[PDB]
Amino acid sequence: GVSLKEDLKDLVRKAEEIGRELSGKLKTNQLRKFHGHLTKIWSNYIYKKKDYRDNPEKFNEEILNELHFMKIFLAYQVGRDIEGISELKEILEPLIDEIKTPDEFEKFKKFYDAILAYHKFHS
């Protein structure tokens, strides 16, 4: 329930309620592709700050047009993250309950290691 109509005071306070509700759950500094691309846009903005506050057309095609692609790529990538771990979870959960013997434990571990190894390879 947060909005940019709100004054800075209230956003900053909500920004800390949010940062703490996140901290245990979300792995820290994992949205770094996004944080990065945001820092470049912001640098381009500070750069020509007074060039932008008088020129809506430049601002739109140079700054917020890039914000438009960021928000899209964020959603896409987050969307695929969620699918990924869910897929991994639905693959592993039933296998773990099929481990009934040491040999099956070994077969499981080899299976996990292979997923791991190829996950990290194809990147």
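Start at 1 and count along the sequence shown; that's the residue number.
Mean C-alpha B-factor is higher over 49-57 than over the other stretch, the pair under comparison being 49-57 and 90-98. Between the stretches 70-78 and 33-41, it is 33-41 that shows the larger average CA temperature factor. Ranked against the other modelled residues of its chain, the C-alpha B-factor of residue 114 as given in the entry falls in the lowest third. Among all modelled residues in this chain, the alpha-carbon of residue 63 has a temperature factor (C-alpha) in the middle third.
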